[PDB]
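Each remark here refers to the structure printed beneath this line.
For reference, chains read A, B, C, D, E, F and G in written order, and residue numbers begin at 1 within each chain.
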């Protein structure tokens, strides 16, 4: 899950799904989107 | 010919079991390009 | 097949971050890593392979990923390196 | 290495089985032709667009005129994102995966239609020419090829 | 004497939950131990901040503190802190006193913080190596057959290079290679004195070898045994060992060993280098059929720790000699690790003597506990030889039995250079008397009379060099 | 005979830079026998 | 002076480079002076010398040194210098109660020749060759205490059975 392969945008997610459908490293993606991964910094919605 | 400076890959053609395993893996068509890259750089690189 | 695969590689998919250590008792502390021609001090971690056969659910998931055809050479290599119940891998130990 | 093939001639039953195997595979030949043309069609398209565009990469790290990411980042028309500078690069897979001439293009297209590492080729040209139109070349190639 | 007695009365606890081990760990800012925060008052005779209240402990990076081996060592060594002080109160002008354990840790007094990555290991230090065993006649055998090409060859090159770091001026070494034909690797053809200059010739030669051919152990070992029976050249007349750097074979080479070393007067240490599946049986057999040891080097991380452990085998005859094999030795002039300048180190091994009252264990008692050492700076020696009662042309100088100068006006606190620096201080400062000043026919005779030891006087005419390297006068 | 030749070919081990396992040297000695047997079977079918 | 360093000049172009080795500026006359045995050199090696790294910070290396001095006790010297299709005659007298020498030769422009420079400075090197030093090594005396091959030794632990 990096700048090339991520679920950030609709077209990025569509490309990721197509890549998994062709079976490239879909298990690696599954592992990389599994668990307690660090979260993207939200620019808006301030919090304490 | 597969023992490079960083080590020989698991998919090599040294022994008969290893050669048959590599051929089976290429037949299943999984990561065959990575074996082809080793087979090219063992015969003299991309030049020859 | 998953039940048979469990009895073959149950608990044997463990490894230390440095190849010197073989069990979890030794795999603790810090060590110097000589990868990519550069030294670095890293902690020792007793990790498990991402896809294993510790129980039947993990065995089923691993066999599904193998059936899809993805990453199965790496799983085969890990299974071949299998040595014993709670020991780190030995290269090409069990090629059968 | 053809010595094991002498068993086929030794046993005529294996000869019959091999004859059946070959006979079942004759009608596929025309399909193979339709494959080759496709491989010829895209390779030429890859020759007019990607030829020589994968020879620079981000290297400058003030660490010995070397280093860089393990999946090396090829340079393009925008430059490196950070304190890296574009420098001459041998090639993605040690200079193997590229569209320099028609043979390299044909090999790359054949590797792509087998769905083995085609995403790496797509991403190599994404950061070397922009990600705007590259998807228009690889998505049909998988769908058609 | 105290370390031997205190260690003998050790109970070897297995858990340190309640009775924690309290110690000061250097290079710091884990269960089973408690740390110490020291005061670190400034004090002269040292370039840093020290503390006389306790002794610091250095544990190398690759060794985990808190394991059973280190924690047991950290207990019985805590009784050395009292003796460390008793020596200092009895002699206020005393420099570092250090006990280098065979475990890998070093406990030194007074306590000072340790000085990128840290690759210090007390067992590799020249003062430890010279007291862990006697001089040797090492002869390295390198297998350069085809099967070692690739990763194994570059591991063998680094393993041999790191093995030469364990040799000193009293040890004599040669490197030979064999692939269906045994030959020397360099321009030597016999055992050389293994000083700084000679060790670089072997390092460059061993870094230029290529792998091709078929292994032949009979021809490789015949050349090795012939090299150790020369006696035409200067040698050590001590431990004669053969180091076989290979990967794996199927030849026991029995007929050679029952021919040359029928009485087993030559040890054979065999190393298996690289990641491979070749049969190690012949390699393991000839290793300990000839009073040797077998080592495995599968990666770079195992190079450093496996090319230093052969000194445990060489120390067995020294331990069995008992109190006869306890003599203080002094090393060559070298730069202190803790930035103290040029120093020399005394050295005395420590023996592990549990159960010697009844003489019943004798199983792990043939290994040494470690090496005790005390540092003497060259400024201490210079204070005992005042030079202001004689003209600037007059001076003192002292000489080693190897010819090196312990004290000389031309000795400088910089490492001696070898070769030309071509780019893309762990070596000692060993400067010869004949290189400190202008060589002469009389100087050689005078120096030779000092090597063996005999008083005398000699006045003569000589041409001497000026302070600035531009003039010469008689 | 063909089965035996297949087994012999299956036991070969390949080493880099002109290196031979001692087992492979012994296997190299069996080739003239197979060559002679195949020459005999070919001669029996060419001229007879 | 005693060492061939320029202390005086006549051209007023050498006076700018005062205190310079004569062989760096007049190699032809300097080399001949060594030959006629008025200046005698021996070289020596400095092992504790810092050097600029070369193509493969700073590191230590051996730099060969050289020094010159009066060889013979003769006072006056006269002779003819030959450099090729030219002839220059020189006369040399040494100042009394001083380490100075006075030389007079014809101008360098008279003889159209230019020999290679004879430089006396810190020149990095690698000698002497250790390949032949070991054939005739310096005298040394090692320890007389040896400990090996004790009959009580165990040596029953290999490196293989334990592992």
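Brief remarks follow.
To be clear about the criterion, a contact is a pair of C-beta atoms (placed from the backbone, for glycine too) under 8 Å apart; a residue touches a chain by one contact, two chains touch by 3 or more.
Counting C-beta pairs in contact across E-G and across A-D gives the higher total for E-G.
Among the chains, the centre nearest to the mean of all shown protein C-alpha atoms is found for E.
Distance between Cα centroids is largest for the pairing of chain D with G.
Mean C-alpha position of chain B lies 17 Å from that of chain D.
If you average the Cα atoms of chain B and of chain G, the two centres end up 58 Å apart.
One inter-chain figure worth recording: chain D and chain E are separated by 55 Å, centre to centre, where each centre is the mean of the chain's CA atoms.
Between chain C and chain D, the centres computed from C-alpha atoms are 31 Å apart.
Multi-chain contact residues, meaning those touching two or more other chains, occur in chain F at positions 15-16.
For chain E, the set of residues touching two or more other chains reads 149-150, 275, 424. Every pair of chains in contact is given here: A-C, A-D, B-C, B-D, B-E, B-F, C-E, D-F, E-F, E-G. Across the complex, chain G is touched by residues 133-135, 170, 187-188, 190, 192-193, 197-198, 201, 234, 236-239, 264-265, 280, 284, 287-288, 291, 293-296, 313-314, 316-318, 320-321, 325, 327, 362-363, 366, 401-403, 411-412, 414-424, 429, 431-432, 434-435, 438-439, 444, 447-448, 451-452, 463, 465-466, 469-474 of chain E.
Note for the complex: chain D touches chain A at residues 115, 117-119, 123, 126, 135, 139, 142.
Those residues of chain C that touch chain E in the complex are listed here as 18-20, 28-34, 39-41, 44, 91-92.
Of all residues in chain D, those touching chain B in their complex are 91, 93-96, 111, 114, 116-117.
Contact residues on chain A toward chain D in their complex (touch as defined above): 4-5, 15, 18-19, 22-24.
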